[PDB]
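Scroll down for the structure; my scribbles are underneath it.
In each ligand, atom 1 is the first atom listed, and ligand 1 is the first ligand listed. Numbers restart at 1 for each chain; the letters A, B, ... are given by sequence-line order, proteins then strands.
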Amino acid sequence: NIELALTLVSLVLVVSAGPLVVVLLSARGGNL
Amino acid sequence: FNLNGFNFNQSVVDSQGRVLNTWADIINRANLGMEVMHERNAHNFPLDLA
Amino acid sequence: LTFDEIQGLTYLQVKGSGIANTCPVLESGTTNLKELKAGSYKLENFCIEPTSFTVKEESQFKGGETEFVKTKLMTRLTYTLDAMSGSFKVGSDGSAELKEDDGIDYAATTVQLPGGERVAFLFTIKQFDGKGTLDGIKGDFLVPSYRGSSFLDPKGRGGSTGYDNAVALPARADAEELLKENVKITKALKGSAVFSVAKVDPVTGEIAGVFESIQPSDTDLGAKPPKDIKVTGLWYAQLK
Amino acid sequence: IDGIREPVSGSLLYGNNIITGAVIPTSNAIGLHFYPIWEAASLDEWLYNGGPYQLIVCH
Amino acid sequence: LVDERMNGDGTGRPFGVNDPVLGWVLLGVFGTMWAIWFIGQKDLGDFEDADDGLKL
Amino acid sequence: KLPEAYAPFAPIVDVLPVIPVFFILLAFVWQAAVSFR
Amino acid sequence: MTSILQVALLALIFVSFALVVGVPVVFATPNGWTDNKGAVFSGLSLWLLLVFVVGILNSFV
Amino acid sequence: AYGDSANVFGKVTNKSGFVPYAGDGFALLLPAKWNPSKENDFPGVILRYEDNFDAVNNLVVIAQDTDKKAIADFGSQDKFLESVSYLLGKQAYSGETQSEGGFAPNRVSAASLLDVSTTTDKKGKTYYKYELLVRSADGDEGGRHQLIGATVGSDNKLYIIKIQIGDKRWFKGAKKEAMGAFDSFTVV
Amino acid sequence: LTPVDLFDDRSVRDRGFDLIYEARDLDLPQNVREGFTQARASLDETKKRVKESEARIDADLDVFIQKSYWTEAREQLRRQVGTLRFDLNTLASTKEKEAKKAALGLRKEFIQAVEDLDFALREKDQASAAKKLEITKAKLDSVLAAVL
Amino acid sequence: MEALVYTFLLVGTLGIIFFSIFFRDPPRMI
Amino acid sequence: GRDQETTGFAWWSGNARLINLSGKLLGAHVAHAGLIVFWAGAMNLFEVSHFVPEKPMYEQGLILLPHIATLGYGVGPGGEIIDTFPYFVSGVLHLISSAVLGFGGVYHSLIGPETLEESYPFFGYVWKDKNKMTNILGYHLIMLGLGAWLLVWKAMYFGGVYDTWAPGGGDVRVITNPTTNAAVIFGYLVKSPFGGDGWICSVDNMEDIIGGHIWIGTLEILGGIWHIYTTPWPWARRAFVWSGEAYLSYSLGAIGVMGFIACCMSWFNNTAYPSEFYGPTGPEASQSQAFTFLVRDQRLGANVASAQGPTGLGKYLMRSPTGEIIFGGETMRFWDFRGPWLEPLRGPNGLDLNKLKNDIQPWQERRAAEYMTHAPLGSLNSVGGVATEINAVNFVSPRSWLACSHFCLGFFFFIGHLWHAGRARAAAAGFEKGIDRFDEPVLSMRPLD
Amino acid sequence: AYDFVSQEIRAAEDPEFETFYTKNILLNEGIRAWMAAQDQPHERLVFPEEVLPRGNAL
Ligand SMILES: CCCCCCCCCCCCCCCCCC(=O)OC[C@H](CO[C@@H]1O[C@H](CO[C@H]2O[C@H](CO)[C@H](O)[C@H](O)[C@H]2O)[C@H](O)[C@H](O)[C@H]1O)OC(=O)CCCCCCCCCCCCCCCCC
Ligand code: CLA
Ligand code: CLA
Ligand code: CLA
Ligand code: CLA
Ligand SMILES: CCCCCCCCCCCCCCCC(=O)OC[C@H](CO[C@@H]1O[C@H](CS(=O)(=O)O)[C@@H](O)[C@H](O)[C@H]1O)OC(=O)CCCCCCCCCCCCCCC
Ligand SMILES: CC1=C(/C=C/C(C)=C/C=C/C(C)=C/C=C/C=C(C)/C=C/C=C(C)/C=C/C2=C(C)CCCC2(C)C)C(C)(C)CCC1
Ligand SMILES: CC1=C(/C=C/C(C)=C/C=C/C(C)=C/C=C/C=C(C)/C=C/C=C(C)/C=C/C2=C(C)CCCC2(C)C)C(C)(C)CCC1
Ligand SMILES: CC1=C(/C=C/C(C)=C/C=C/C(C)=C/C=C/C=C(C)/C=C/C=C(C)/C=C/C2=C(C)CCCC2(C)C)C(C)(C)CCC1
Ligand code: OEX
Ligand SMILES: [Cl-]
Ligand SMILES: [Cl-]
């Protein structure tokens with residue numbers, strides 16, 4: 001079921017995209 | 001506003017589509033005993049919408 | 001207010017005013033009572049508004065006479081009989097025949113005695129058939145049982161549905177109290193009413209007058225003796 | 001209470017005790033309508049239709 | 001009809017007035033007590049300059 | 001459904017309403033990253 | 001035309017994913033907004049260009 | 001304790017909402033959420049399922065032995081239902097009343113026939129199918145829908161199905177369970 | 001103990017009985033449930049009610065205006081007329097595309113005549129409502145000479 | 001009769017409430 | 001960022017650190033206003049994607065699409081949905097604008113100045129400056145005033161809005177004559193909130209709604225100009241607390257009432273919340289049942305006027321406590337219900353049973369039977385009956401979600417009023433950190449209080 | 001503490017005496033008869049639907 005699988009891929013790319021900001025900003029720089 | 005409590009009545013169903021009772025179905029038997037007897041002369045119509 | 005004055009109001013203007021509980025007064029038209037053309041008429045917008053509820057109460061005292069006493073009303077504005085269909089016949093000399101078939105021809109009404117006793121009744125004229133001259137259209141209607149057969153008392157018993165006994169007293173479940181548990185009597189009684197046509201407006205076919213009825217009150221499904229209630233007031237119809 | 005013209009007793013002087021006595025809610029025929037003393041004809045009509053409840057609950 | 005009503009149960013009158021004396025009750029009692037507050041306003045402080053409230 | 005020039009993008013749309021629940025959770029991750037100072 | 005709209009909208013998702021991650025990273029790095037100013041301006045002016053492309057291409061469907 | 005694997009990620013076996021039944025001489029598709037009742041309302045009951053939720057929703061088959069070979073031998077469909085009028089119950093209240101509304105005097109219940117038919121199957125035997133709405137003075141369930149169907153089998157035996165559904169449940173989806181059971185009734 | 005009694009009501013479903021049962025099963029589409037599919041599928045049933053709607057307008061609505069029965073003229077224009085907007089789209093969606101704009105253009109101004117008659121009947125202006133009605137019947141005949 | 005007993009128990013409970021407020025043992029400081 | 005010992009606020013009250021930080025507080029609001037527009041974009045497109053045309057709008061769990069349908073975008077006569085693309089444009093224009101609001105909200109929260117007082121003196125503000133606070137209050141009333149004229153222009157000029165009371169059935173109606181009479185417009189406001197009045201939840205036609213938004217549009221443009229050119233008068237200096245948490249608490253008590261109003265608005269009103277889109281009201285579905293069994297039993301040969309109930313009041317038609325012929329049953333409580341399917345059957349003296357024995361229209365019994373099976377009772381897992389009902393349908397009315405969410409949000413924001421108005425009045429007084437322990441004011445009072 | 005006997009004697013000798021107590025006694029009769037065919041399966045009691053207590057139209 002590709003319509004259900006893309007909804008899961010769209011979930012993981014976005015649910016990471018918040019902590020991806022927090023992880024990357026912690027490593028390089030650090031003004032959070 | 002009639003949002004109501006969880007209604008898990010006839011939720012557990014085996015194969016061949018038959019209803020397995022739960023404790024929620026026993027609460028429903030106690031629930032629908034009260035509602036066929038509360039305000040016992042008010043209701044002219046089958047749905048207690050009020 | 002007349003009929004055309006009521007119908008010239010919207011629903012929100014007449015709502016909550018008590019105007020909706022009233023019969024249309026017949027302001028135009030004369031009391032000559034003969035120029036009404038003889039023949040048959042079907043009787044629509046036939047409505048009856050009472051003015052007094054008096055009830056033949058036995059005296060509080062020992063040697064007191066039993067008369068009709070003034071009462072105050074417990075139900076609010078739910079007592080007018082309104083929009084009844086039927087047939088109206090008048091003779092060549094003045095003999096008139098009033099008859100209603102369908103419509104709102106009953107009104108449950110609680111009225112309270114001076115003394116604190118609440119007597120309830122349904123004010124009805126249902127299935128009326130009355131004959132006589134235009135000062136009296138003497139006839140009888142039926143008063144049904146005030147509660148239906150499927151009415152249930154506080155102990156859960158009744159006529160059509162119910163236990164038929166006192167279930168909370170399991171040793172004296174059926175006993176000397178069979179008057180109020182074993183049969184719930186829903187037999188309909190009869191009442192008599194006297195109509196008197198007072199004004200005729202023949203150009204619009206509208207007639208009005210004064211009525212006088214006496215009917216039984218309520219038997220509590222056959223548990224108390226029903227009392228007699230004399231209802232007077234006005235009435236109105238449209239001969240078309 | 002139920003608007004069906006059967007009255008429900010809740011008073012100590014009408015055969016009730018502390019457990020079963022209650023000030024009965026307003027009539028179902030009234031509904032959410034505002035029913036003070038001055039909107040009744042008599043004071044007994046106010047007492048019949050559950051008038052005291054709406055005066056307690058509003059205050 | 002049978003009894004006497006005030007007949008204002010669902011009529012939607014402004015502040016629930018239907019006799020005009022009820023509106024003068026509203027303005028009389030408000031106006032009497034506005035005037036007592038106004039005459040007594042000389043004991044409450046003259047908060048006349050701009051930074052003169054309970055502020056933070 | 002969506003207009004049919006956009007219905008292949010309907011898998012992304014089913015994820016879009018829950019995103020402001022993740023915005024309140026991101027405030028807790030950011031405060032955990034500074035150790036709740 | 002439909003297929004160039006879906007490519008332009010997929011491109012809008014990747015550019016928006018570049019901004020949802022990148023723009024808070026460029027902002028809260030120390031002296032990162034002065035160094036990476038012209039990248040974000042090229043990112044925003046591409047993102048804003050891609051919105052008005054897809055809206056005009058929706059008129060042709 | 002025989003080891004069969006659990007149905008992880010597996011296809012369902014019954015989404016039809018009907019269970020096929022085979023009694024003695026008949027076959028029908030019962031409503032799948034209904035369960036057997038241990039009640040014999042009538043003389044001749046073989047099976048009687050009722051709903052799990054309320055016991056008003058139920059069906060019953062009745063096999064009376066008869067001397068006649070065809071259902072037309074019982075007379076017409078109008079003269080048939082007055083013979084088998086015991087299916088609708090009996091008014092156990094022989095009290096006098098004129099205050100119930102929408103009924104004749106002294107009647108606290110009034111059945112109303114709404115539909116008849118004369119449908120058949122692949123064997124050739126015609127059926128007498130009925131559809132009633134039986135209202136009561138208290139008016140429980142908003143009335144009760146009756147689905148009566150009757151035929152005589154190949155062994156001179158009168159098979160009568162009667163599906164009773166309360167009207168409150170009728171518009172809320174028990175028409176699909178009842179009509180699907182009522183059309184599935186075939187006497188072999 | 002007495003049996004229950006039957007009544008010959010096998011023709012009430014032929015007239016009007018099984019109509020609220022079609023509007024309560026949630027397996028049908030709502031265009032089937034609201035009566036919208038049945039109006040679009042049978043053209044003559046709309047052509048029956050539209051000729052019936054002008055019988056309620058051309059003859060039955062002026063009578064309440066000279067006797068000034070406002071709440072019986074506000075709702076004369078909504079009771080059986082209360083399908084006329086949906087009906088005049090179905091009768092106009094059977095035409096040519098340059099005939100449909102002629103149909104829906106005339107249908108649009110008859111809407112503006114009824115909604116102006118309603119407002120005339122709302123402030124109880126008898127001199128305006130008796131005038132707005134004659135405009136309304138003229139715009140009514142222009143639509144019905146176009147879609148049928 | 002019992003309603004007389006009921007009101008005496010309700011008046012008596014409201015009496016103790018009146019004495020517990022306006023005749024309470026006053027909390028002495030220090 | 002910022003920490004505790006430089007502020008005195010922990011991590012769990014750290015938005016209180018940016019009270020006196022004007023620029024950071026601006027980015028806090030613009031990023032939050034991004035979220036309201038983002039939710040309104042995302043939940044719109046979620047409801048467009050999950051819209052099924054062969055089902056009602058209220059059956060599908062749609063709460064945002066009935067708002068755009070009430071404006072009349074993409075609806076036909078009788079509430080039929082013509083096209084869904086007007087609902088799609090509303091979803092994208094919010095979802096794209098949320099990135100713009102999200103950008104400047106993230107900008108002023110991270111890169112923009114902390115306090116915009118010394119560099120940008122037009123936008124700078126101190127909370128105790130009573131002129132600048134009314135100046136910002138006046139700017140936003142003009143925005144609310146011009147926003148209220150958008151509804152008037154869309155109803156009068158830009159296609160019209162959906163009138164469910166329209167002659168010929170409900171469709172989109174240009175409101176050519178909005179009611180500008182002050183006795184009618186300000187008559188709702190002084191009306192009682194109880195039964196038969198419903199304060200402002202009984203506004204029964206769209207001409208009062210659009211004509212009332214003319215009044216709320218002009219008064220907010222005039223009241224905005226009033227606060228730009230004035231400062232609060234000395235009696236208002238005397239009554240208010242002039243801190244930023246006070247101004248929040250003033251807004252929290254105002255908006256917590258508005259949550260209670262829109263709770264009872266969506267539950268009772270069916271003009272601004274049309275039943276074709278939101279489903280029947282509580283009163284509407286209960287009155288629809290009594291109307292359904294009145295038409296069911298006239299056809300089965302019964303005089304519904306003369307039909308006496310088991311209590312003796314009347315099974316189908318009884319009399320209202322003010323004398324109107326109404327429906328009988330437990331739905332006597334909802335006798336003051338008005339509906340566009342029911343009002344064609346209603347004369348002056350309540351319902352007209354001559355009109356109701358002969359002139360029941362087939363579309364009225366279509367619609368009232370729909371409303372009976374879509375009563376606003378359900379369950380929390382969206383079952384859809386009384387609590388004694390099996391898992392058959394999948395339904396909770398939008399009115400049941402809109403009222404229940406906005407009573408809870410209206411209740412908590414009244415609690416947020418009581419929190420912040422107590423705190424800001426106490427923090428301006430100085431004792432919000434505690435008793436001073438040197439001059440405890442109870443110790444300077446006379447005992448036996 | 002099931003019954004107040006002085007209010008059961010009165011409510012059986014007076015068919016119009018209703019309190020919230022006698023309403024509670026009727027609701028308990030509803031709970032008892034409608035659950036015990038399924039709450040107590042060891043009793044193996046079958047109740048025909050016409051013997052369970054029932055108000056009007058529910
Ligand atoms: C069906 C109908 C129902 C009824 C209608 C219902 C709706 C009514 C809503 C109307 C709007 C109400 C809003 C009122 C705001 C009041 C705010 C306030 O606190 O207002 C505060 C201000 C304070 O004003 C300032 O007050 C100051 C106080 O000074 C005093 O103190 C000073 C130092 O502080 C100096 O010492 C000075 O000398 C001394 O006089 C100064 O005097 C200033 O000059 C003065 O401008 O008041 C003012 O501006 C004026 C206030 C407004 C006018 C109030 C009129 C009240 C009614 C009058 C009619 C009564 C009828 C009686 C009938 C009798 C028969 C029965
Ligand atoms: C609507 C919610 C909301 C908003 C707008 C803010 C906003 C803010 N908070 Mg608050 N906060 C919130 C909820 C919120 N907070 C909650 C729920 C808590 C409790 C957990 C806190 C607890 C808290 C504390 C304890 C503090 C703040 C502070 C701040 C400010 C500085 C932010 C900072 O330096 O972070 C830096 C962090 C990052 C850069 C991490 C990355 C996060 C980015 C912004 C996410 C953006 C994602 C988005 C998709 C980007 C889109 C871009 C666009 C182009 C499309 C800022 C204005 C601080 C303050 O007062 O400053 C003086 C402070 O000390 N907050
Ligand atoms: C406040 C306005 C509001 C309203 C009236 C609705 C109403 C509705 N929504 Mg929408 N929704 C909202 C806000 C709202 N939602 C928000 C903020 C979001 C973003 C998350 C969504 C996202 C959303 C989606 C994605 C979907 C809906 C759906 C629905 C429908 C069914 C919802 C349901 O089953 O809830 C079930 C009931 C609950 C979840 C109870 C909520 C109680 C909350 C969680 C508080 C619990 C208290 C707890 C202790 C506090 C937690 C914090 C603590 C641990 C510290 C209904 C029409 C569905 C639908 O019909 O789509 C067509 C659907 O698929 N909504
Ligand atoms: C967002 C809206 C908003 C806000 C927050 C303010 C805030 C303020 N205004 Mg402004 N104003 C606004 C909109 C707003 N205004 C608009 C739209 C107008 C044009 C109509 C005005 C016209 C205006 C004037 C002319 C004045 C203010 C004043 C004030 C100040 C004190 C107000 C006060 O204490 O009232 C307290 C209110 C009362 C004491 C009235 C009694 C209220 C009770 C509940 C009865 C209300 C009856 C009423 C008819 C409403 C009935 C319905 C109701 C129950 C819902 C304060 C700074 C005063 C000031 O200092 O400005 C310089 C002032 O003189 N305002
Ligand atoms: C628009 C409204 C608004 C605004 C701007 C503020 C702003 C502020 N509040 Mg106030 N507050 C509000 C509404 C508001 N509040 C309401 C409605 C309540 C009642 C619930 C409170 C109760 C409250 C308390 C008790 C406190 C504040 C505090 C504060 C300050 C910092 C808050 C912070 O960093 O949060 C940080 C955020 C968190 C720690 C996360 C909390 C999340 C909770 C668990 C809810 C989760 C959401 C969930 C889905 C909702 C479920 C309920 C639903 C069923 C309706 C700041 C000045 C604090 C302060 O310093 O006082 C000045 C403080 O102690 N507020
Ligand atoms: C009518 C209400 C409803 C009826 C309720 C019926 C039940 C009541 C139950 C409660 C009874 C009282 C409990 C104990 C009170 C106590 O100890 O107070 C202690 C205080 C002592 O305070 C000190 O008393 C001092 C005086 S002295 O010391 O007592 O002489 C004084 O100087 C000093 O200032 C003061 O601090 O007593 C007094 O102040 C006054 C003396 C109180 C006398 C007892 C009253 C008994 C009730 C009679 C009421 C009428 C009943 C018949 C009609 C219904
Ligand atoms: C529109 C769109 C978009 C955008 C999106 C967005 C905007 C997103 C965001 C997102 C986000 C923003 C996310 C976030 C997330 C977060 C999270 C997911 C978190 C979680 C957490 C957890 C889970 C934990 C927590 C904790 C801590 C840490 C502390 C406290 C305690 C606890 C444990 C609770 C894109 C571009 C894609 C494109 C498409 C469309
Ligand atoms: C400060 C801060 C914060 C906050 C933040 C925020 C709140 C933000 C916001 C943000 C936002 C508010 C964002 C937004 C964004 C958006 C976007 C980015 C969008 C985009 C869009 C798109 C992408 C679209 C698309 C489409 C179309 C066009 C159509 C079809 C469909 C689709 C979907 C595909 C926190 C709390 C974390 C913490 C502290 C810090
Ligand atoms: C749109 C619309 C409309 C209109 C509306 C309007 C026009 C409104 C206005 C309104 C208003 C006009 C409102 C007002 C309000 C006010 C208030 C609510 C007040 C409050 C007050 C306060 C809050 C105060 C407090 C206090 C005191 C007590 C004294 C002084 C100081 C203090 C602060 C302490 C109508 C309905 C027709 C229809 C629908 C739509
Ligand atoms: O109000 Mn006391 O409980 Ca609410 O459901 Mn209908 O209404 Mn009456 O019944 Mn069930
Ligand atoms: Cl009860
Ligand atoms: Cl009912």
Side-chain angles (χ1 to χ4, degrees), chain A residues 18 21 32, chain E residues 13-15 17 20 22-32 34-35 37-39 41-48, chain F residues 2-3 6 9-10 12-13 16 19-21 23-24 26-31, chain G residues 9-10 12-13 15-17 19-20 24 47 51 54-55, chain K residues 1 9-19 24 27-35 37-38 41-42 45 88 91-92 95-103 105-106 109-110 190 233-236 238-239 244-245 248-249 251-252 255-256 405 408-409 411-420 423-424 427 432:
Chain A
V21 176
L32 56 87
Chain E
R13 299 299 300 274
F15 293 100
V17 306
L22 289 171
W24 289 101
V25 162
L26 297 172
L27 292 175
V29 178
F30 179 78
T32 304
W34 177 71
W37 181 76
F38 194 88
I39 295 166
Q41 197 173 0
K42 65 182 179 66
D43 299 326
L44 301 171
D46 191 1
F47 287 168
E48 188 67 31
Chain F
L2 290 173
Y6 298 97
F9 295 93
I12 301 100
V13 181
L16 284 180
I19 309 303
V21 178
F23 277 102
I24 191 170
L26 186 62
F28 287 92
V29 179
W30 163 60
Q31 282 294 316
Chain G
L9 185 57
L10 284 172
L12 181 58
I13 296 170
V15 172
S16 297
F17 186 78
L19 300 179
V20 162
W47 185 82
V51 172
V54 175
Chain K
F9 295 106
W11 64 273
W12 49 264
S13 68
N15 295 321
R17 294 173 182 168
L18 41 94
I19 290 172
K24 306 290 281 293
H29 290 88
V30 177
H32 185 275
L35 293 174
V37 181
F38 182 78
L45 298 179
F88 176 73
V92 179
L95 192 64
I96 299 301
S97 298
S98 65
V100 175
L101 292 172
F103 175 70
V106 169
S109 300
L110 302 180
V190 297
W233 301 114
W235 62 269
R238 194 181 291 117
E245 191 179 2
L248 173 58
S249 68
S251 297
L252 284 171
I255 203 173
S405 63
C408 293
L409 292 163
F411 167 66
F412 282 120
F413 284 30
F414 174 74
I415 301 304
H417 175 76
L418 298 176
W419 184 266
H420 291 287
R423 189 180 184 276
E432 84 277 19

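- The part of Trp419(K) lying near ligand 5 is the side chain, judged by heavy-atom distances below 4.0 Å.
- Shown here, atom 39 (C) of ligand 5 is in close reach of the protein: a heavy atom of it lies under 4.0 Å off.
- Within a 4.0 Å radius of atom 3 (C) of ligand 1, the protein contributes one or more non-hydrogen atoms.
- The proximity of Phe30(E) to ligand 1, defined as any non-hydrogen pair under 4.0 Å, is limited to the side chain.
- If you check each of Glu245(K), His420(K), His29(K), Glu432(K) against atom 10 (Mg) of ligand 5, the one with the closest non-hydrogen atom is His420(K).
- Within 4.0 Å of atom 31 (C) of ligand 5, at least one protein heavy atom is present.
- Protein heavy atom closest to atom 11 (C) of ligand 8, with residue, atom name and distance, is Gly102(K) CA, 3.7 Å.
- A tilted orientation is assigned to the rings of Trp34(E) and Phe38(E), their planes being inclined by 30° to 60°.
- Protein heavy atoms are found less than 4.0 angstrom from atom 50 (C) of ligand 1.
- When non-hydrogen atoms are compared, ligand 8 lies under 4.0 Å from the side chain of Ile96(K) (C-beta onward) but not from its backbone.
- In terms of protein heavy atoms, atom 17 (C) of ligand 8 is closest to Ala99(K) CB, 3.6 Å.
- In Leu252(K), the part holding a heavy atom less than 4.0 Å from any atom of ligand 5 is the side chain.
- Remark: minimum distance from atom 53 (C) of ligand 1 to any protein heavy atom is reached at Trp34(E) CZ2, 4.0 Å.
- Of the protein's non-hydrogen atoms, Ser16(G) OG, 3.7 Å is the one closest to atom 23 (C) of ligand 8.
- Counting heavy-atom neighbours within 6.0 Å of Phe17(G) CZ, excluding the residue itself, gives a total above 12.
- Of all the heavy atoms of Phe23(F), the ones lying under 4.0 Å from any atom of ligand 8 are found in both the backbone and the side chain.
- Heavy-atom separations between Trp37(E) and ligand 1 include at least one value shorter than 4.0 Å.
- Checked against a 3.5 angstrom limit, the closest N/O atoms of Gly14(K) and ligand 5 fall inside it.
- Nearest to atom 61 (C) of ligand 1 by heavy-atom distance, out of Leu26(E), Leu27(E), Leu22(E), is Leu27(E).
- There is no protein heavy atom closer than 4.0 angstrom to atom 58 (C) of ligand 1.
- Contacts between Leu95(K) and ligand 8, counted as non-hydrogen atom pairs separated by less than 4.0 Å, involve both the backbone and the side chain.
- In this structure, atom 19 (O) of ligand 1 has protein heavy atoms in its sub-4.0 angstrom surroundings.
- For atom 29 (C) of ligand 8, the closest heavy atom belonging to the protein is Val92(K) CG2, 3.7 Å.
- Side chains of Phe47(E) and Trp235(K) form no contact here, defined as non-hydrogen atoms less than 4.5 Å apart.
- Of all protein heavy atoms, the one lying nearest to atom 37 (C) of ligand 8 is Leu26(F) CD2, 3.8 Å.
- The presence of a protein heavy atom under 4.0 Å from atom 10 (C) of ligand 1 is ruled out.
- Under the 4.0 Å distance rule, the nearest protein heavy atom to atom 45 (C) of ligand 5 falls outside the cut-off.
- By the definition of a contact as any protein heavy atom under 4.0 Å away, atom 24 (O) of ligand 1 is in contact.
- Counting non-hydrogen atoms of neighbouring residues, nucleotides and ligands closer than 6.0 angstrom, the CD1 atom of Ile255(K) reaches no more than 12 such neighbours.
- Annotation: atom 41 (C) of ligand 1 to nearest protein heavy atom, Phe38(E) CZ, 4.2 Å.
- In this structure, atom 32 (C) of ligand 1 is not in close contact with the protein, since no protein heavy atom lies within 4.0 Å of it.
- Within a 6.0 Å radius of CZ in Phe414(K), no more than 12 heavy atoms belonging to other residues, nucleotides or ligands are found.
- For atom 16 (C) of ligand 5, a protein heavy-atom neighbour is found at a distance under 4.0 Å.
- Within the set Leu248(K), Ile24(F), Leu18(K), the minimum heavy-atom distance to atom 42 (C) of ligand 5 is found for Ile24(F).
- Of the protein's heavy atoms, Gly28(E) CA, 4.9 Å lies nearest to atom 65 (C) of ligand 1.
- Under the 4.0 Å distance rule, the nearest protein heavy atom to atom 50 (C) of ligand 5 falls outside the cut-off.
- At a distance under 4.0 Å, no protein heavy atom can be found next to atom 44 (O) of ligand 1.
- Using cut-offs of 30° and 60° for the angle between ring planes, the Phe23(F) and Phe38(K) rings count as perpendicular.
- Neither the backbone nor the side chain of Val51(G) comes within 4.0 Å of ligand 8, counting heavy atoms alone.
- In this structure, atom 27 (C) of ligand 1 lies nearest to the protein heavy atom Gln41(E) OE1, 3.9 Å.
- Atom CH2 of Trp24(E) has 12 or fewer heavy atoms from other residues, nucleotides or ligands within 6.0 Å.
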